[PDB]
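K.L.:
Residue numbers (the UniProt record's numbering), protein chains in the order written: chain A, 11 to 95, 111 to 336; chain B, 11 to 95, 111 to 336; chain C, 14 to 336.
The C-beta atom is built at its ideal place from N, Cα and C for all residues, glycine as well.
The following block contains the structure, expressed as structure tokens.
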């Protein structure tokens, strides 16, 4: 498809898509010439815009004298811009901060898959009294210090003994095994069990951030946002989006009619060469692809340098 | 005793006692003749009754012509009367039905000791939504499903998650610990407070039934019944009554002067060869001992069969 | 004024409208109720209700829809009936601050349970940092590799943050330093940059960013609930997210004790589709912050009142017992 365009027609397409991203209006033949360095009159831009429309890169919705890039046009733009170019130990906090930064800087909606807990060994349990009134509970895992919980203590229990029992019971066993009810030391221990219910608390598969951002994008409707919220529950569908490395799916390329107004950036974060989790960034397909790819990359690499440095 | 009475005199004693149980009045020598097939003069029977009285088997009430058995007499009769020979899963329901059957068929007052709650481990806690409006609470113990309670719900919640929380807190603890206020985590919310009140409902150590029967039968006084109710509060008095297998104590054999008007059958119900509780049947000493023994043995055997099948 | 019967007719219409969300006809109110009067009589009552401004007629439909006045009437009558019986709301009674000691996590649980049970959007005002004295600074070495930082406040243990350390410094002495600098000073003073000595080393700079971590003044939850509600539009929701940033406006909503503002009662036309419950949570007699629940005004008012009041009372209990 691309090969049927001379250098000029590609500059014009690039300017059409670029101006549509900035101002979210249909772009006319005149408007191109106003903001462009093209050294040709408005008459040949019109011939060029007709070939672009015939080849499926742009289109005319209603009566407007301007055109709008199709999904094919947005893909051309994405490819063309590609050619041109804090010591935290709680994994949950690290994911939270990366999720919130990603969303904020791209005005998108983010889903970060938390590390699977099924194989996650508890290396150590810690109850640290801080005063007569408070203690701090946490666990040590290969990813750092997790489930950090300040606890108010009415009675002066034997914290050292409770800690000893916790480690005897839980050290070498997995967070996943606590969830399933597999730890059946039915001997008698009130605070031990309280703590087991914290380690056994249900955590959602994904951390989400920036739903607000979708609500202030003028290109998305309530219908679109609802559809995304439903589709994101289909776990198999999120799995089918994660290609080789960092990947985008613009509009129709997503393969769901309900999600046609979105683009999705997806990829994984790593501990060494082992995939720990997937990351998704949903925006309107009318977005700054350049900025989005740059932020997405910088966040996956930060996540990967954090999780790799805990070995 | 064994060699002191002849065949006829044993017969006369047996008849005096069967007839006393029956019509509850002093039996004369002429009455012995009328209710038996003894082929001797009433004069001979009266001489036999003289011997029976001298040896302590019968006695004269006031100045009436008839005689009544002493406790020794009733015991002789009991020994002589020996020679001549649905899938419910709630243990509390099974005990209640057995207690009331036992009471009705013997016209007595029944205590059934519940399984000791100090050793009664909670194996599982269940929170079953039946509709939008109701869920069913229960626990599993080694003896089945108990504390079964329908509870009203307004708004929905993920009750499966609440259930896991109840299981971390209670699985391996005993009903007795709940009852003694030992699970302080159960005061952490209104919901858990409700659960404590359900499992820790105020319960006597004995299921009682048939108190009304003690008032039906006219050989007993108001004071006799008051004394029985006081004396039955003494845990250690009841402990002492239970001999090897099924056993009766008539009158002075009970050991307490305040209860000399009663008789008590006692024995235990088993899970396999493990004794789980004691059962007591209190009647007037003027009662149908053969009927009582037969029913008492039958219910004990049913209680033991029930509890053994819970293995 | 209204009849006893006309009061019941208005009550049924509103209850039916909240439930099924369609105009309610005379024939409907007879089917759903045990009113013992004729179909013509109900229409005459509905004419009176409309004349007094309690209900309106959408287009050409035989059915009617409550006005804001009719919604207010309904709420007042449910409030009255809620003082005859008990609560018994199993779901909301699962709320526990349990033995949690982090006020942030307690606010998190409250906002999320409240949002979930009412299908609303919740804002909880966090305690004001301006007078939040730091009572103590803890630096606890859990191993060669890890350190746990936190501060003590009058409301519990905050800013709990595990830290990597690949090289051992003297932690007992650094904790002393931190306590000299920070104890008696407020979190507001740290955020404002008054404690200039915190930038004198790399670790001290870390501590300043952890205490001075960007925390929104309000914790929000349940935005998703507003999007599932068919009675609300995209514009209603954008309008809410915009107006909710106006603190002066939020403060004007809150009255004496727990109240609801329905539709026009809110004070801004852009928010006419909503109802807001508001109230404060306290440390003893001192208000610590306000709580706001926003829903569609087509909502289960009795449920929302009950849930809101329970949670607010729980927050007051947590903050007050942490005395």
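What is the residue span of the alpha helix (DSSP H) that residue 53/B lies within?
P.N.:
Per DSSP, residue 53/B belongs to the alpha helix (DSSP H) from 52-64.
K.L.:
Could you check if residue 327/C is buried or exposed, using at least 16 other CB atoms within 10 Å of its CB as the buried criterion?
P.N.:
By the 10 Å Cβ count, residue 327/C comes out buried.
K.L.:
Look up residue 110/C in the DSSP assignment and give the residues it is bridged to.
P.N.:
Per DSSP, none; premise fails for residue 110/C.
K.L.:
Which residues share a DSSP beta bridge with residue 151/A?
P.N.:
DSSP lists 163/A as partners of residue 151/A.
K.L.:
So residue 311/A packs on residue 30/A, CB below 8 Å; how close in whole Å?
P.N.:
Indeed they touch by this definition, with Cβ atoms about 7 Å apart.
K.L.:
List the residues that DSSP assigns as beta-bridge partners of residue 136/C.
P.N.:
In DSSP, residue 136/C forms a bridge with 233/C, 305/C.
K.L.:
Looking only at its own chain, which residues have a Cβ that is under 7 Å from the Cβ of residue 200/C, when we skip the five neighbours before and after it?
P.N.:
Result list for residue 200/C: 142, 145, 147, 224, in chain order.
K.L.:
What distance in whole Å lies between the Cβ atoms of residue 77/B and residue 59/B, which are believed to be in contact at a cut-off of 8 Å?
P.N.:
With 8 Å as the limit, residue 59/B and residue 77/B qualify as a contact, their Cβ atoms being about 6 Å apart.
K.L.:
Kindly list the residues whose CB is nearer than 6 Å to the CB of residue 149/B, restricted to its own chain and excluding five residues on each side of it in sequence; keep chain order.
P.N.:
The answer, listed in chain order, is 165.
K.L.:
Tell me which residues share the same chain as residue 245/C and place their Cβ nearer than 7 Å to its Cβ, disregarding the 5 neighbours each side in the sequence.
P.N.:
The residues are 239, 286, 309.
K.L.:
Under 8 Å, CB to CB, which of the residues in the region 180-205 of chain B have a partner in chain C?
P.N.:
For the region 180-205 of chain B, which is checked against every Cβ of chain C, the residues closer than 8 Å are 180, 181, 182, 187.
K.L.:
Taking residue 125/A as the reference, give the member of 140/A, 305/A, 112/A with the closest Cα.
P.N.:
Comparing Cα-Cα distances from residue 125/A to each of 140/A, 305/A, 112/A, the minimum goes to 305/A.
K.L.:
Any idea what DSSP makes of residue 67/A, helix, strand or coil?
P.N.:
In the structure shown, residue 67/A sits in coil (DSSP, three-state: anything other than H, G, I, E or B).
K.L.:
Within the 9 Å Cβ cut-off, does residue 230/C reach chain A?
P.N.:
Residue 230/C does not count as touching chain A.
K.L.:
Which partner residues does residue 300/C have in the DSSP bridge list?
P.N.:
Residue 300/C pairs with 295/C.
K.L.:
In whole angstroms, what separates the C-alpha of residue 284/B from that of residue 220/B?
P.N.:
Computed Cα separation, rounded: 41 Å.
K.L.:
With distances taken from CA atoms, which of 140/C, 336/C, 180/C, 169/C is nearest residue 156/C?
P.N.:
The shortest C-alpha separation from residue 156/C is found at 180/C.
K.L.:
Please go through the same chain and pick out, in chain order, the residues whose beta-carbon is closer than 8 Å to the beta-carbon of residue 241/B, but skip the five residues on each side of it.
P.N.:
For residue 241/B, where only same-chain residues beyond five positions count, the Cβ hits under 8 Å are 132.
K.L.:
Between the C-alpha atoms of residue 162/A and residue 153/A, what's the straight-line distance to the nearest angstrom?
P.N.:
Using only the alpha carbons, I get a separation of about 7 Å.
K.L.:
Nearest to residue 123/B by alpha carbon, out of 235/B, 95/B, 19/B, 16/B?
P.N.:
Residue 235/B is the option with its Cα nearest to residue 123/B.
K.L.:
Is residue 215/B close to chain C, meaning its C-beta is less than 9 Å from at least one C-beta of that chain?
P.N.:
By this cut-off, residue 215/B is an interface position.
K.L.:
Do you know how far the Cα of residue 79/C is from the Cα of residue 33/C?
P.N.:
Going from the Cα of residue 33/C to the Cα of residue 79/C covers about 13 Å.
K.L.:
Please go through the same chain and pick out, in chain order, the residues whose beta-carbon is closer than 7 Å to the beta-carbon of residue 175/A, but skip the five residues on each side of it.
P.N.:
Only 159, 161 meet the Cβ criterion.
K.L.:
Can you list, in chain order, the residues of its chain with a C-beta nearer than 8 Å to that of residue 192/C? Leave out the 5 residues immediately preceding and following it.
P.N.:
Excluding positions up to five away in sequence, the list reads 149, 150.
K.L.:
Residues in the same chain with beta-carbon distance under 8 Å from residue 134/A, minus the five sequence neighbours each way, listed in chain order, please.
P.N.:
Taken in chain order, the residues that qualify are 128, 233, 234, 235, 236, 238, 239, 253, 306, 307, 308.
K.L.:
Show which residues of chain C have a CB atom less than 9 Å away from the CB atom of residue 250/A.
P.N.:
The answer, in chain order, is 240, 247.
K.L.:
Compare the C-alpha of residue 12/B against each of 243/B, 47/B, 42/B, 83/B and name the closest.
P.N.:
Nearest option by C-alpha distance: 83/B.
K.L.:
Give a yes or no on whether 9 Å exceeds the smallest Cβ distance from residue 164/B to chain A.
P.N.:
No, residue 164/B does not count as interfacial toward chain A.
K.L.:
Is residue 290/B helix, strand or coil by DSSP?
P.N.:
In this structure, residue 290/B counts as strand in the three-state DSSP scheme.
K.L.:
Pull the bridge partners of residue 79/C from the DSSP assignment, please.
P.N.:
68/C, per the DSSP bridge assignment.
K.L.:
Can you look up residue 274/A in the DSSP assignment and give me helix, strand or coil?
P.N.:
Correct three-state label for residue 274/A: strand.
K.L.:
Kindly indicate if chain A contains any beta-carbon less than 9 Å away from that of residue 36/C.
P.N.:
By this cut-off, residue 36/C is not an interface position.
K.L.:
Considering Cα atoms alone, identify which of 24/B, 54/B, 262/B, 53/B is closest to residue 45/B.
P.N.:
Answer by Cα proximity: 24/B.
K.L.:
By the 10 Å Cβ neighbour count, where 16 or more other Cβ atoms means buried, how is residue 249/C classified, buried or exposed?
P.N.:
Under this definition residue 249/C is a buried residue.
K.L.:
Could you round the C-beta distance between residue 267/B and residue 293/B to whole angstroms and report it? I think they count as a contact, below 8 Å.
P.N.:
Contact flag correct, Cβ pair sits at about 6 Å.
K.L.:
Would you say residue 209/B reaches chain A, if we count a Cβ-Cβ gap shorter than 9 Å as a contact?
P.N.:
Interface residue, yes.
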